[PDB]
Amino acid sequence: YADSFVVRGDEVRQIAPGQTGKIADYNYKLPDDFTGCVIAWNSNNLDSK
Amino acid sequence: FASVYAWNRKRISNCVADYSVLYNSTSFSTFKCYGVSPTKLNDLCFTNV
Ligand SMILES: *[C@@H]1O[C@H](CO)[C@@H](O)[C@H](O)[C@H]1NC(C)=O
Ligand SMILES: *[C@@H]1O[C@H](CO)[C@@H](O)[C@H](O)[C@H]1NC(C)=O
């Protein structure tokens, strides 16, 4: 499966098992026994006006 | 804030550590804990902060 969304640059560190914070607590949570990969990249040229 | 060579130290006591009040105020670029898991911080009490 593939999941996609947009966050800040300082909130990419929260997409990881065992993390705390607003994004992990209220928006998107990962299992402890996760098997997969995480990918991120900057999108200033498209998502900023 | 102080200079790095003359750094400052402050004592904290008799308080309730609800760090959810910082969510709308601050954005952090680095957060790392060493002797404790970040998901267990809501269930503990701390001695000599
Ligand atoms: C969160 O902070 C923003 C910017 O200071 C403010 O406009 C907004 O009203 C705040 N939200 C709450 C619920 O206080
Ligand atoms: C610091 O406190 C002042 C009020 O004294 C407030 O206006 C300001 O937004 C606060 N800054 C942060 C980032 O918490």
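How each quantity is defined
Residues numbered from 1 in each chain as written, not as in the entry; some residues may be left out. Chains lettered and ligands numbered in written order. Part of a larger assembly, values for the part shown. Heavy atoms only, no water. Helix = DSSP H or I, 4+ residues; strand = E, 2+ residues; numbered from the N terminus. Buried < 20%, exposed > 50% of the residue type's maximum accessible area, 1.4 Å probe, protein only. Areas by Shrake-Rupley, 256 points an atom, 1.4 Å probe, with all protein chains shown as cover. Polar contact = N/O pair within 3.5 Å; in protein donor to acceptor, adjacent residues only side chain to side chain. Contact = heavy atoms within 4.5 Å. Buried area = accessible area lost by both parts, 1.4 Å probe. Salt bridge = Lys/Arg side-chain N within 4 Å of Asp/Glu carboxyl O. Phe/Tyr/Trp six-rings, centres within 6.5 Å; stacked < 30°, edge-to-face > 60°. Patch = residues over 30% accessible without salt bridge, like charges linked within 9 Å, V, L, I, M, F, W, Y side chains within 5 Å.

- Determination of this PDB entry was carried out by cryo-EM to a resolution of 2.50 Å, according to the record.

- Chain B carries the name Spike glycoprotein in the PDB entry, which gives Coronavirinae as its organism.

- Going by the PDB entry, chain A carries the name Spike glycoprotein and comes from Coronavirinae.

### Focus: the overall build of chain B
Now for step 1: The helix and strand tally for chain B stands at zero helices and zero strands.
Now for step 2: Along the first, second and third principal axes, the C-alpha set of chain B runs to 35 × 25 × 20 Å.
Now for step 3: The buried share of chain B, taken over its 49 residues, is 4%.
Now for step 4: As presented, chain B carries roughly 5,100 Å² of accessible surface, and 54% of it is formed by carbon and sulfur atoms.

### Observations regarding the side chain of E11 of chain A
All names here are of chain A.
Now for step 1: Within the secondary structure layout, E11 lies in the segment before α1 (22-26).
Now for step 2: In terms of polar contacts, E11 uses its side chain to reach the side chain of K22, at 3.4 Å.
Now for step 3: Apart from the residues lying within four places of it in its own chain, the contact partners of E11 are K22 and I23.

### A word on the interface of chain A and chain B
Now for step 1: Opposite the 10 residues of chain A that make contact, chain B presents 10 residues.
Now for step 2: It is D10, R13 and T20 of chain A in chain A that bury the most area against chain B; as a group they hold 53% of the surface buried on that side.
Now for step 3: Our count for the chain A to chain B interface comes out at zero salt bridges.
Now for step 4: On inspection of chain A and its partner chain B, the count reaches zero residue pairs in polar contact.

### Focus on the packing of aromatic side chains
Now for step 1: Scanning the model with the defined rule gives two aromatic pairs over all chains in all.
Now for step 2: When the centroid spacing of 4.9 Å and the interplanar angle of 50° are considered together, the rings of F5 of chain A and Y28 of chain A count as tilted. Here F5 of chain A, found in the segment before α1, pairs with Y28 of chain A, found in the loop between α1 and α2 (44-47); they are 23 residues apart in sequence, far enough to count as distant.
Now for step 3: Taking 6.3 Å as the distance between ring centres and 85° as the angle between the ring planes, the aromatic pair formed by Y26 of chain A and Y23 of chain B counts as edge-to-face.
Now for step 4: The class of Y23 of chain B is partly exposed, set by a relative accessible area of 21%.

### Observations regarding a nonpolar patch on the surface
Now for step 1: Taken together, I12, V36, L44, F46 and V49 of chain B make up a surface patch of nonpolar side chains, about 420 Å² in accessible area.
Now for step 2: Assessed through its relative accessible area of 46%, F46 of chain B is described here as partly exposed.

### Remarks on the pattern of salt bridges
Residues and elements named next belong to chain A.
Now for step 1: Applying the stated criterion to the full structure yields two salt bridges over all chains.
Now for step 2: One salt bridge in this structure joins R8 and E11, with 3.9 Å as the shortest N-O distance.
Now for step 3: Assessed through its relative accessible area of 9%, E11 is described here as buried.
Now for step 4: Notably, a salt bridge pairs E11 with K22, separated by 3.4 Å at the nearest N-O pair. Note that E11 is positioned in the segment before α1 and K22 in helix α1, a separation of 11 residues in sequence.

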